[PDB]
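Every chain is numbered from 1 and lettered A, B, ... according to where its sequence line falls, protein lines coming before strand lines. Values below: every heavy atom of this structure, side chains too, minus hydrogens, waters and symmetry copies.
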Amino acid sequence: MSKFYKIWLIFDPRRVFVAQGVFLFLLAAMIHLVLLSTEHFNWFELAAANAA
Amino acid sequence: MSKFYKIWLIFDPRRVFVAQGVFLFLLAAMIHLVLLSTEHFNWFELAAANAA
Amino acid sequence: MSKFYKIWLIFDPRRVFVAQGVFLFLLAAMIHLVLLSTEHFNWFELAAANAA
Amino acid sequence: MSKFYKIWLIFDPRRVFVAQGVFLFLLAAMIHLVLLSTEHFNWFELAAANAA
Amino acid sequence: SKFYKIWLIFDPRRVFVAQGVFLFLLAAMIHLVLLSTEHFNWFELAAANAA
Amino acid sequence: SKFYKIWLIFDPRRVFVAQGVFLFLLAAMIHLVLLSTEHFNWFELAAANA
Amino acid sequence: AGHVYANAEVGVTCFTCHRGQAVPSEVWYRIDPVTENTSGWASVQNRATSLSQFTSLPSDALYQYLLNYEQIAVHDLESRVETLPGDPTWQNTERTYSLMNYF
Amino acid sequence: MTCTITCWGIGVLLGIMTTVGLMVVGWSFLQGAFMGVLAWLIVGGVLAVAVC
Amino acid sequence: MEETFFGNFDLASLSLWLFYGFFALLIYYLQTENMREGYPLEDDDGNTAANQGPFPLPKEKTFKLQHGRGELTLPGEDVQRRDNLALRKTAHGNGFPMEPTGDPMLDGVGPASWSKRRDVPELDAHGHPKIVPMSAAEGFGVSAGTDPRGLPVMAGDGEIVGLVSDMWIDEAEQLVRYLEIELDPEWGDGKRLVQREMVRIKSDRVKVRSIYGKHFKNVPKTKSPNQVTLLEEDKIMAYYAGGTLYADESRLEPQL
Amino acid sequence: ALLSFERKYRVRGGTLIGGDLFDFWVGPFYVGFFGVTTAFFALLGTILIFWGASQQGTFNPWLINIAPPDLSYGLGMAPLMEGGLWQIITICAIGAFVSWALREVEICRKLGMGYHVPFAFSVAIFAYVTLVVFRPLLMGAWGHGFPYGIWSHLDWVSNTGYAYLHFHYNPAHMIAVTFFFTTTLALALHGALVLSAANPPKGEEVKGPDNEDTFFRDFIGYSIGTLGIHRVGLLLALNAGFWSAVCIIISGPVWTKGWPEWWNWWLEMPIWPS
Amino acid sequence: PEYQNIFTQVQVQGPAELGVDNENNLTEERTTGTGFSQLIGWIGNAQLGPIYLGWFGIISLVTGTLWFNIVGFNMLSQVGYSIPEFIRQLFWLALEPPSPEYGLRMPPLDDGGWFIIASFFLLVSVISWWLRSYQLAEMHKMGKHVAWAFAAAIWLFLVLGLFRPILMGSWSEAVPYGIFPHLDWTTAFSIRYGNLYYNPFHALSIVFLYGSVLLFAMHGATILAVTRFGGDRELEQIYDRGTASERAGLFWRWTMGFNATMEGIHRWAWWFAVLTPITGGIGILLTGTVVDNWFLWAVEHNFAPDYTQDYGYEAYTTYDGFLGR
Amino acid sequence: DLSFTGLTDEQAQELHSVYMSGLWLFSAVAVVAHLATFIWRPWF
Amino acid sequence: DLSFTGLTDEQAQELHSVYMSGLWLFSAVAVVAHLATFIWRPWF
Ligand code: BCL
Ligand code: BCL
Ligand code: BCL
Ligand code: BCL
Ligand code: BCL
Ligand SMILES: CC[C@H]1c2cc3[nH]c4c(c3C)C(=O)[C@H](C(=O)OC)c4c3nc(cc4[nH]c(cc(n2)[C@@H]1C)c(C(C)=O)c4C)[C@@H](C)[C@@H]3CCC(=O)OC/C=C(\C)CCC[C@H](C)CCC[C@H](C)CCCC(C)C
Ligand code: HEC
Ligand code: HEC
Ligand SMILES: COC(C)(C)C(=O)/C=C/C(C)=C/C=C/C(C)=C/C=C/C(C)=C/C=C/C=C(C)/C=C/C=C(\C)CC/C=C(\C)CCC=C(C)C
Ligand SMILES: COC(C)(C)C(=O)/C=C/C(C)=C/C=C/C(C)=C/C=C/C(C)=C/C=C\C=C(C)\C=C\C=C(/C)CC/C=C(\C)CCC=C(C)C
Ligand SMILES: [Fe+3]
């Protein structure tokens with residue numbers, strides 16, 4: 001576990017960070033879109049609903 | 001920590017600046033659009049509603 | 001057994017890690033999506049039902 | 001037979017292991033999906049049925 | 001008695017992979033043939049024997 | 001007779017693979033035809049006897 | 001009334017089809033022998049006539065279906081059926097297609 | 001080219017003129033277009049052969 | 001025919017699965033037949049790669065080459081490999097672009113890279129060289145379009161380097177393959193060939209936008225002025241396309 | 001890995017908006033700025049399809065069906081489970097397709113080859129674009145796009161085809177189909193020509209361009225040549241894609257009536273002696 | 001902009017190329033007259049080559065004209081030899097197959113009897129043309145790929161008009177010889193037997209038909225992209241590959257992760273083209289004979305989508321609202 | 001002593017230290033963001 | 001000594017130890033995750 005730094009001995013930092021950067025934004029959009037799809041967690045609908 | 005400046009040692013400042021500039025505007029345009037799609041957060045329609 | 005380390009003499013660590021990284025996330029995603037398909041384990045709908 | 005080891009003199013270990021790896025998961029996924037198709041062994045509705 | 005001479009004609013690499021997919025497709029086909037049958041369907045029997 | 005001269009005409013490698021595919025496809029076809037028939041369907045017949 | 005009074009109370013009057021002329025428009029006659037030197041199915045369809053909706057579909061569809069009570073359905077109600085003589089064919093489908101194109 | 005391209009240009013201009021010329025005296029756009037297209041093929045080909 | 005066997009698996013289903021098995025064999029056959037060139041795989045260091053893919057290399061097929069050029073077996077020992085490439089890796093790992101050590105266009109490494117083809121001219125059915133100057137052609141002449149002979153040649157940067165002296169035609173298929181450029185003494189010497197597919201012919205001048213004025217003096221030459229070998233033919237074509245990326249930094253650098 | 005000749009061609013440069021930041025290869029694939037956006041858009045669109053499949057209740061690839069909203073919603077955004085997800089996947093699909101074409105520009109720019117392939121793909125993109133965003137705007141409702149299902153989008157073609165009363169009489173469909181059949185006819189003959197010349201009967205020398213050039217001269221009396229077939233074939237396929245775009249863009253917003261009734265101009269002309 | 005190799009900017013014309021010839025001695029049956037056309041030369045070869053007057057070709061041409069004429073004179077007899085009406089209804093007239101109440105028996109001339117005669121001559125012409133392709137490849141010492149690719153088109157051609165009607169029990173299952181009528185038959189065939197969208201072999205043929213157009217746009221553009229490296233000379237690139245084959249391969253290796261060779265591309269190109277009528281021929285052959293309703297076949301095999309929304313316009317709008325009143 | 005990227009242990013340790021520092025900071029904000037949403041609308 | 005990837009016998013042994021250590025850490029998180037889900041909503 002303490003030797004996890006060796007991942008950079010096999011993966012180029014400027015080649016996996018592009019993959020790492022894309023993957024995070026892919027998630028950040030994915031769950032946000034999933035939440036907006038649900039009726040309970042759609043914060044845009046809730047503001048309209050709370051306004052009566 | 002404070003050693004985040006090393007990102008420029010592996011990522012070119014010119015290309016990152018252009019890439020984030022496109023990304024930031026596309027992010028800004030997209031979020032402005034989803035606000036317009038919602039009836040509650042469409043500031044253009046609300047002015048019509050308050051006009052009565 | 002203790003001689004499982006020889007898989008890296010057959011498989012390139014670089015290509016396996018990206019292969020399992022893609023495989024694990026896809027497996028992680030589809031198991032999550034399978035749960036959301038079921039009405040019993042859909043934690044988004046359960047939260048809505050609990051609020052009532 | 002004690003002489004089954006000679007299969008590796010015929011088959012390339014790299015191609016076999018990749019082919020076996022994808023085959024085993026596709027085997028595992030299919031059998032899991034067959035259980036999900038049956039009403040008796042689908043543990044997702046069984047959890048719902050037990051919870052009544 | 002001397003069937004071993006088949007490998008003098010057939011390439012062992014091509015034959016072994018040939019029956020490797022053939023034998024599995026025998027298992028897949030026959031297993032699904034049983035599953036289609038109402039009698040030899042162990043998944044349906046377990047539901048039936050559950051009562 | 002002396003039918004062994006067929007191998008002077010046909011390539012043994014080319015005819016054995018063709019025969020192997022033909023023999024299995026013929027066997028599968030004949031087996032499948034019996035399944036379609038009501039009298040010789042051993043799966044349906046076994047259910048009938050039970 | 002199950003048809004004229006289908007959705008609302010909108011009936012049929014003498015003006016509904018005549019529309020101010022003695023002979024109501026869009027009336028049809030039997031022109032089944034559409035083309036010469038033909039008989040059977042070849043004699044009703046291979047031409048663009050008034051009854052065919054600008055198509056080469058049969059022109060006898062109105063006569064056979066709206067006047068002679070011929071069978072309009074052509075589909076088979078099972079995935080596999082024993083196709084026996086007398087069953088509807090693609091010619092009958094083509095004629096039904098001609099009638100229903102007029103609809 | 002040059003002469004052939006110009007001769008084709010004369011035909012398409014003539015085809016457009018015939019398209020609207022027959023529309024004035026009746027006909028329809030589609031009926032006039034066919035004569036206009038037909039005129040473009042005929043006089044355009046004849047001019048591209050005889051003049052050039 | 002109209003009756004089903006073991007379930008809903010009728011003859012249509014049997015034909016469908018029979019095609020599925022045939023298609024899988026066909027894809028294996030089709031994919032393998034494409035592995036006769038460029039295989040086995042390698043890494044950026046030139047060694048044999050640990051991964052060769054799921055498709056094994058096919059059995060050796062032989063082509064009986066014509067005009068007495070021997071035979072040819074595709075799988076194994078590509079004779080077209082170039083030995084001394086003027087490149088070195090920009091990264092210690094794999095998957096990263098190479099940076100040329102010297103002049104990319106002169107060394108022919110990037111888009112300017114050629115392939116070590118045969119050093120003999122391509123032959124038609126008669127055995128004669130396939131591409132010859134129109135001066136040596138028996139009864140060939142321009143039938144349509146603008147004749148570029150005598151028109152000045154304008155480079156990518158607008159410089160005038162010379163006038164077209166001749167076009168190297170393909171008498172076997174009756175089309176123009178090259179234009180001969182007689183370089184002015186300022187911009188070079190001798191004659192050079194530019195492929196027709198890289199040149200644009202206008203009414204008064206003929207222009208190439210891929211190569212600047214200063215790079216014509218370094219265009220690869222031909223040993224003989226009457227025929228071009230496949231090696232020279234590959235070097236000449238590659239050089240012009242290499243200038244689409246190496247004529248100036250503006251082409252290599254990002255456009256936005 | 002790399003092919004036996006790939007090392008030289010792997011040089012830096014030839015990027016549109018990206019630089020050395022994204023100028024690298026992942027396996028055989030080339031990543032660029034537009035390969036980054038392709039990966040993001042394709043993964044987001046693919047995941048959202050399976051997310052919609054999960055909420056649809058089935059994961060069967062045949063039965064997965066993400067459909068556009070109702071026509072009552074107009075051109076505005078719909079609820080995610082009521083058609084809004086289809087709109088986002090469409091936005092992701094447009095981004096994935098455009099970036100893929102722009103990435104192909106980066107591929108060919110790095111290799112010094114022409115831009116014919118990205119242009120040819122753009123025609124196929126235009127056929128998809130005219131099906132999902134152009135035709136709906138001309139009708140004022142996003143619900144006219146085809147649903148994102150393996151068999152659901154076949155129902156849309158069937159219903160849209162019969163929504164114009166025997167679509168076979170559509171003049172642009174008539175032109176588009178005969179381009180599709182000719183392209184396959186041209187593909188078969190061209191593929192046969194090269195294979196036949198390169199693969200003669202055993203014990204025979206391989207045939208050069210002259211032998212294959214004269215084969216159709218003896219076959220159909222005219223051979224278009226080795227170079228001619230590729231350019232005419234590209235135009236045959238691009239015309240098939242372009243005229244397919246036309247036949248569907250003129251269906252609703254141009255000719256709301258039946259397609260056989262379009263041919264009434266030919267049947268009813270003054271020249272014809274009625 | 002850079003010169004795109006779509007239209008040649010200059011073309012040269014020399015002595016006409018007759019042919020290569022060998023001891024098979026194709027010259028006697030080869031025409032001695034050739035012509036040149038500059039209009040077609042902007043995109044391809046400008047030479048109108050000489051026909052090889054073989055006996056398979058002559059028989060195919062003569063019997064093909066007989067089928068063409070027989071259909072034509074029946075069409076001319078449809079409208080009573082009225083040429084203006086014949087021209088007006090040219091796209092609508094046809095030679096209809098026999099009525100279904102005749103079976104395989106020979107029907108009267110006015111009720112499909114001339115259809116059988118025309119079909120027989122068409123069958124002879126089509127087969128003779130295939131024999132011409134096979135013989136021409138044999139006489140040129142070339143591969144028979146043209147003959148085999150053509151034979152795939154014959155398969156669907158024979159299934160549509162010969163094989164299926166024979167084992168369907170009636171000649172009425174054949175396709176009418178008309179412009180619009182065989183479009184009507186195409187639609188009525190799908191309607192009668194459910195929906196050919198749900199025919200898996202129709203779907204498979206569509207997969208290869210789109211793939212065939214897809215490949216030949218891919219191959220057409222890729223070769224034109226490497227034509228600056230002599231990529232149009234595919235045959236020489238097969239025997240001795242240059243940078244044209246390498247760049248074309250690396251374009252698709254860097255794009256979609258795998259590529260082909262300059263020869264392996266045409267094997268891919270050949271098979272999708274060949275598979276388009278082979279799969280379609282199978283689907284038509286077992287349509288009606290085996291499966292009489294394809295949507296119901298889809299329903300029982302669980303690949304027909306199900307829709308939970310209402311099927312009426314009243315459920316989405318109203319008649320007054322649609323009219324705007 | 002394999003190094004596919006040509007990075008020494010000291011170079012990788014320094015580079016991994018910053019990456020984990022960023023990873024914890026990115027996850028720390030996510031934990032706070034997730035905590036606020038659970039207070040707003042719990043999903044359990 | 002068989003080595004298709006060029007790694008030595010000792011190089012693969014050390015790489016496997018870290019990979020297996022990561023595998024156990026990934027599995028340990030999943031095991032804790034499964035228990036929390038089982039307590040929240042069992043599936044047996
Ligand atoms: C449902 C209740 C809340 C909600 C609950 C949550 C929760 C809970 C969380 C978020 C999180 C996030 N939410 Mg939210 N969120 C909601 C509504 C929104 C709305 C909105 C308009 O309504 C927006 C804009 C966001 C946006 C965000 C992002 C700030 C963040 C996820 C980061 C990511 O995906 O990409 C990040 C990935 C990247 C790699 C992007 C790369 C792009 C940049 C420009 C690259 C620059 C790199 C360059 C080299 C410079 C480097 C410099 C470095 C400093 C060294 N949320 C609703 C209202 N949201 C998650 C989060 O991560 O928080 C930290 C989080 O935990
Ligand atoms: C049903 C009840 C719970 C539920 C129960 C569970 C359970 C039980 C589990 C999960 C698991 C997971 N859940 Mg869940 N889960 C639910 C709802 C959610 C929600 C949500 C918004 O509602 C989210 C976001 C998640 C998300 C997750 C992830 C944390 C995790 C899946 C990892 C995987 O598949 O990919 C694997 C990822 C990869 C291999 C790729 C990683 C990509 C990185 C960026 C690659 C770069 C690496 C680079 C080289 C640097 C490496 C450095 C290293 C330090 C060496 N769950 C519901 C609420 N969830 C499963 C899990 O995996 O737990 C660990 C798990 O066991
Ligand atoms: C309800 C149970 C099903 C059944 C379910 C399966 C399943 C499931 C599988 C097989 C498999 C096979 N079955 Mg079984 N099988 C049944 C009935 C038969 C009968 C028969 C005449 O009834 C025969 C000939 C077979 C033969 C076979 C071979 C094709 C194969 C075994 C390996 C092999 O190839 O060895 C080669 C053969 C020899 C060299 C001699 C060994 C003889 C075989 C193994 C014994 C079967 C003989 C059988 C018991 C005769 C019964 C008659 C008795 C006199 C009453 N089965 C019954 C009907 N069978 C496996 C396979 O690979 O399929 C591709 C598979 O996965
Ligand atoms: C009842 C039905 C009517 C009918 C109604 C319609 C309707 C309705 C339509 C057509 C359209 C078409 N018809 Mg029609 N048509 C009928 C009968 C026929 C017949 C026949 C023999 O009977 C034929 C051959 C055709 C032929 C065609 C083509 C002209 C066209 C098909 C679409 C196309 O060109 O691509 C165009 C589509 C694209 C090129 C897709 C672009 C793909 C994108 C860019 C890439 C996809 C990437 C994707 C993500 C996959 C990646 C995943 C993996 C990673 C690889 N029709 C029947 C009678 N026809 C369709 C059309 O024209 O569309 C424009 C159309 O909408
Ligand atoms: C409402 C209409 C039905 C329909 C009904 C049919 C029917 C019916 C058929 C097809 C078939 C086809 N359909 Mg469908 N099809 C529909 C919708 C579509 C759509 C779409 C977008 O909607 C598409 C793309 C297709 C696509 C296709 C192709 C995949 C396929 C034919 C390939 C072909 O050319 O074979 C090539 C072969 C031929 C065209 C004939 C070969 C001709 C011979 C060899 C040449 C003789 C030349 C002749 C003598 C003239 C010579 C003159 C010269 C000038 C000298 N269909 C709908 C469902 N479809 C075919 C099929 O099923 O294939 C399995 C078919 O029979
Ligand atoms: C457009 C003109 C013709 C053509 C040309 C053509 N297509 C091309 C090209 C060219 C020249 C390429 O260079 C490019 C390529 O690289 O192919 C290998 C491509 C291509 N055309 C393709 C397919 C394709 N082409 C088709 C047809 C055609 N190809 C036309 C006839 C068809 C049809 C009509 O059936 C299909 C399906 C791909 C193989 C490829 C495009 C690859 C691509 O876009 O990759 C990026 C995207 C992904 C990996 C996935 C994106 C997923 C989305 C974000 C979500 C889903 C969206 C989709 C609309 C859902 C569909 C649901 C159901 C309807 C199935
Ligand atoms: C006497 C003239 C008459 C005849 C003949 C006639 N219709 Fe109608 N039809 C009506 C009337 C009146 C209505 C109005 C019912 C309403 O919608 O409430 C109507 C309505 C309809 C409707 C319902 C439309 C709606 O808005 O729901 C359909 C569909 C219909 N007709 C089809 C047909 C068809 C098909 C035929 C030929 C078989 C036919 N009609 C023949 C009089 C007729
Ligand atoms: C469905 C529409 C329908 C309705 C209802 C209807 N008719 Fe008719 N009528 C017809 C048709 C069809 C004909 C036949 C055409 C013909 O005879 O010219 C006809 C013929 C007639 C004729 C003969 C016209 C001539 O050519 O001399 C008269 C008179 C007539 N209608 C009177 C009436 C009257 C009066 C009413 C009002 C009660 C009425 N019809 C309503 C359909 C209808
Ligand atoms: C569909 O299903 C539903 C249920 C919807 C679903 O949601 C499924 C969800 C699923 C499956 C979750 C899958 C998510 C997973 C697995 C989470 C991965 C996330 C990870 C791992 C977080 C990495 C964070 C790393 C950072 C952010 C570092 C910061 C880096 C810093 C900032 C800079 C780096 C340092 C330098 C550049 C300097 C060094 C350089 C030199 C010294 C030169
Ligand atoms: C100035 O000109 C004059 C002179 C007037 C003139 O003529 C002009 C001629 C004019 C306008 C006719 C133009 C013809 C037109 C538009 C028809 C298009 C044709 C089309 C679309 C064909 C579709 C169907 C094709 C199939 C699918 C066939 C199947 C054939 C099968 C395979 C044959 C099988 C054989 C038999 C059934 C025989 C069996 C018997 C024995 C073996 C004995
Ligand atoms: Fe080609």
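- Counting only distance, with no hydrogens or angles, the side chain of J:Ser152 and the backbone of J:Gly149 share no donor-acceptor pair below 3.5 Å.
- In terms of modelled atom types and a separation under 3.5 Å, the side chain of L:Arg41 and the main chain of A:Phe41 share no donor-acceptor contact.
- Looking at J:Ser54, its side chain does come within 3.5 Å of a backbone N or O of J:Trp51 through a donor-acceptor pair.
- Looking only at distances, no side-chain donor or acceptor of J:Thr46 sits under 3.5 Å from a matching main-chain atom of J:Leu43.
- Sorted by first and then second residue, the pairs that involve residues 240-250 of chain J and meet side-chain hydrogen bond (donor to acceptor under 3.5 Å, both in side chains), not counting sequence neighbours, are J:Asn239-J:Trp243.
- Taking the six-membered ring for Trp and the full ring otherwise, J:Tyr162 and J:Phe167 have centroids separated by 6.0 Å or more.
- Residues K:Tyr198 and J:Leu154 fail the side-chain proximity criterion, which asks for heavy atoms closer than 4.5 Å.
- C:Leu33 places a side-chain heavy atom less than 4.5 Å from the side chain of J:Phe59.
- Put simply, the side chain of B:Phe4 reaches to within 4.5 Å of the side chain of L:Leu25, judged on heavy atoms.
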Item to complete: Starting from the C-alpha separation in whole Å, work towards a yes-or-no answer on side-chain contact (heavy atoms from CB on, under 4.5 Å) for J:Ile175 and J:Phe179.
Response: CA-CA 6 Å; J:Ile175 296 181; J:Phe179 271 121; 3.7 Å; yes
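- Taking 4.5 Å as the limit, every side-chain heavy atom of J:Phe33 sits out of range of all side-chain heavy atoms of J:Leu21.
- The heavy-atom pair separating J:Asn170 from J:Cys247 by the smallest distance is ND2-O, 3.0 Å.
- Side-chain N or O atoms of J:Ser158 include none that pairs as donor or acceptor with a backbone N or O of J:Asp155 at under 3.5 Å.
- Ring-plane geometry between A:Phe25 and J:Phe40 is classed as parallel, the angle between the planes falling under 30 degrees on a 0 to 90 degree scale with a further cut at 60.
- Atom CD of residue J:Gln56 and atom CD1 of residue J:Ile66 lie 6.5 Å apart, to the nearest 0.5 angstrom.
- No side-chain heavy atom of G:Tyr5 sits less than 4.5 Å from a side-chain heavy atom of G:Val10.
- Between J:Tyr169 and J:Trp262, the ring centre distance reaches or exceeds 6.0 Å.
- Ring-plane geometry between J:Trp255 and J:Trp259 is classed as parallel, the angle between the planes falling under 30 degrees on a 0 to 90 degree scale with a further cut at 60.
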Discussion item. Checking L:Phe44 against M:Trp40 for the ring-ring contact (aromatic ring centres under 6.0 Å, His included) test, could you report, in this order, the C-alpha distance in whole Å, the side-chain angles of both residues, the deciding distance, and whether it holds?
Written reply: CA-CA 8 Å; L:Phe44 286 135; M:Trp40 171 68; 5.3 Å; yes
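- Annotation: the span from C:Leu46 atom CG to A:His40 atom NE2 amounts to 11.0 Å, rounded to 0.5 Å.
- Panel note: side chain J:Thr160, backbone J:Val157; no donor-acceptor pair is recorded below 3.5 Å.
- At distances below 3.5 Å, at least one donor-acceptor pair connects side-chain atoms of B:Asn42 with backbone N or O atoms of B:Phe44.
- A side-chain donor-acceptor contact under 3.5 Å links J:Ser99 and J:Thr37.
- Looking only at distances, no side-chain donor or acceptor of J:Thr130 sits under 3.5 Å from a matching main-chain atom of J:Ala127.
- Shortest non-hydrogen contact noted between J:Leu131 and J:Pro136 is O-CD, 4.1 Å.
- No side-chain donor-acceptor contact under 3.5 Å links J:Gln55 to the backbone of J:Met81.
- Between J:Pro147 and J:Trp156, the shortest heavy-atom contact is CD-CB, 3.5 Å.
- Contact check for J:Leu165 versus G:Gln53: no side-chain heavy atoms found under the 4.5 Å cut-off.
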Worksheet item: When you look at K:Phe303 and J:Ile150, which way does the side-chain contact (heavy atoms from CB on, under 4.5 Å) test go after all the steps?
Response: CA-CA 9 Å; K:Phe303 64 97; J:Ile150 302 290; over 6 Å; no
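- Counting only heavy atoms from C-beta outward, the side chains of J:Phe41 and J:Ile94 never approach each other to under 4.5 Å.
- Every side-chain hydrogen bond (donor to acceptor under 3.5 Å, both in side chains) that J:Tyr148 has, sequence neighbours left out, goes to J:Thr90, J:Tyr128.
- Between C:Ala48 and A:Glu39, the closest heavy-atom pair is CB-OE2, 4.3 Å.
- Counting only heavy atoms from C-beta outward, the side chains of B:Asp12 and B:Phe17 never approach each other to under 4.5 Å.
- Ring centroids of J:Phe34 and J:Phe22 are separated by 6.0 Å or more, keeping the two rings apart.
- For J:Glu104 and J:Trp100, the side-chain atoms include at least one donor-acceptor pair closer than 3.5 Å.
- For K:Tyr316 (side chain) and K:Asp310 (main-chain N/O), a donor-acceptor pair under 3.5 Å exists by modelled atom type.
- The CZ atom of G:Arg19 sits 7.5 Å away from atom OG of G:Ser25, with the distance rounded to the nearest 0.5 Å.
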Fill in: Evaluation steps, side-chain contact (heavy atoms from CB on, under 4.5 Å), between H:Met23 and H:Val20
CA-CA 5 Å; H:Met23 277 205 294; H:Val20 296; 3.8 Å; yes
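- The CG atom of J:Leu80 sits 11.0 Å away from the CD atom of A:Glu45 when rounded to the nearest 0.5 Å.
- For the pair K:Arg325 and K:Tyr319, the cation sits on the ring face: its NZ or CZ lies under 6.0 Å from the ring centre, inside 45° of the axis.
- Put simply, CD on I:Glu253 and OG1 on J:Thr15 are 8.0 Å apart, with the number rounded to the nearest 0.5 Å.
- Atom CH2 of residue J:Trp151 and atom CZ of residue K:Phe295 lie 11.5 Å apart, to the nearest 0.5 angstrom.
- Counted by atom type alone, K:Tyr307 and J:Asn65 present zero donor-acceptor pairs between their side chains at under 3.5 Å.
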